[PDB]
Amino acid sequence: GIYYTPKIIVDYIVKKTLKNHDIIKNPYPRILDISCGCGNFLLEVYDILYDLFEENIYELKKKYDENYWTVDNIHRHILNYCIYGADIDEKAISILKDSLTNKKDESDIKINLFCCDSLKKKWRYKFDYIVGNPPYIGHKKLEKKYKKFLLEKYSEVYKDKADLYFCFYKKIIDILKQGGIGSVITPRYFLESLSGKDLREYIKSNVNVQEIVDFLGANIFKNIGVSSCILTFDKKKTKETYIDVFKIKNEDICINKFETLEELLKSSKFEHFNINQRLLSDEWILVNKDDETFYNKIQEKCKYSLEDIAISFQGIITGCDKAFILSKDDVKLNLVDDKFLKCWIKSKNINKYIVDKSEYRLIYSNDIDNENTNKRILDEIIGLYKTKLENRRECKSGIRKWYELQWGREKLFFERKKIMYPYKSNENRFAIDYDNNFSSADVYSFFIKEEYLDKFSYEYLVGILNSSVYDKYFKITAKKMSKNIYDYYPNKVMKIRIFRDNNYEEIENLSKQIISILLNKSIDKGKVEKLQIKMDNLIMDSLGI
């Protein structure tokens, strides 16, 4: 329900928004945490504000009402005019209310804490500074009634498989004063994900993004499987609009290495570079100049993309794998006619250039005509999960029989020579499938269009796609998920661009040698690495890198 941001990050975000505030010019700054919780950020905002007022108390006393601006009145002034908080949890608000009160009855000091849905509250005024950590809820874990509200009221950033924190970005931007500064920590995925395209467009066209701190797959929150970034933006009048990008280099480092986050950012554990916000396309390609030069060379040289030459499709989605997937040595497969059985592989079975021998079998239950002819299969294998199967969406609507696969796709797409790759991996692993392998959605497949078979072969494609060049090339724009894991999904894999030049024959021949060695009984993996090194040199020569 409540997640605690590390103190080093909270202090960095508060200092990011307030360290250059001119309290003399504006002694009434409105600082808001829209998901304040117990007050991780607001309590630190109090301390920073208190030092700001006390350090200039005599200048304020001289410039303004001398009786009002006293050290004894700082506590009341902060709570009345400066600190604002909102959270849906009553108990967190009550705890934060006590913590703010205990920072110092005389007369009923009013604290601007609201217990509400920040996405529904009618905010009466805008704010100078906004900080905090919004909630993250995906499309599966969000209520259907609430999602209808979000789709209707937040359609500028929320669509399809978008996340809840997209709307908080929109709300924070909307209620930020002109010239104000916002700084939040959110998941990093919107920086590259397809769902975040509208959100990226909304941020780019409404605020100046001062800084992006990208932690990639490092674990910022303990015992939480999320990858985080810090976004700092303003609504100031500026003409340069360049972004400071801090991208981590070592994902295993501990965040408490230094007393402050800015020490870590300046260190060798991070890299810094600048991106012109006016040059951002629908995609935000945030890489240094060497990588940008590398990426642009490959883009310009290559004339084809995988989408042009290939047909992509996602694997089987049974809707209940335990009901339809069995070990190939399971005795219950004696009850199933071999015409119903398909080879079944997982992502771990995909290597470079080849697929491991399958150990599981899929019951393609869609080919079972009626319940009477194959009652034994239904009663003894599939029916053990009938209650769970009946709860699938297409079963409740009558589109699918209780024993059918939820998304059985087309058999002919799988029962052919094709290339398969895992949906999440640390490296490029594209394999030729010779054995008509089926898979779940953790493996993606594609086959070459007929009109392009004379230009590109499967052996050539796996040669370049598994090379170190294309491993680096794909990861420049790929979606970073967690420690040493990128998404390998068609929405980016099919955008990979490929080339064809005088090195085609030698590259294809080297790949065939690698494939031949990998399929032998006594595999000498040593020569495979040497052949791969030779191929990488050819590809680098081909692409002029």
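Take the two forms, find the largest set of C-alpha atoms that superpose within 1.5 Å, and that set is the rigid core. Residue numbers here begin at 1 and follow the sequence given.
Root-mean-square C-alpha deviation from the shown form, taken over all structures in 9 other deposited structures of this protein superposed by the rigid core, is larger for 254 to 262 than for the alternative among 254 to 262 and 337 to 345. A chain break between residue 104 and residue 105 is present, corresponding to 4 to 9 residues of the deposited sequence without coordinates. Judged by mean Cα B factor in the deposited record, 64 to 72 ranks above the other of 64 to 72 and 482 to 490. Just going by the entry, 108 to 116 versus 311 to 319 on mean CA temperature factor gives the higher value to 108 to 116. If you compare the C-alpha temperature factors of 234, 244, 394, 163 in the entry, 234 comes out highest. Of the candidates 299, 80, 288, 155, the one whose C-alpha carries the top B factor in the deposited record is 80. Among all modelled residues in its chain, residue 128 ranks in the middle third by Cα B-factor. Sorting the modelled residues of the chain by their CA temperature factor places residue 377 in the highest third.
Among the modelled residues of the chain, residue 411 sits in the lowest third by CA temperature factor in this PDB entry. Sort the modelled residues of the chain by CA B factor and residue 439 lands in the lowest third. Among all modelled residues in its chain, residue 55 ranks in the highest third by Cα B-factor.
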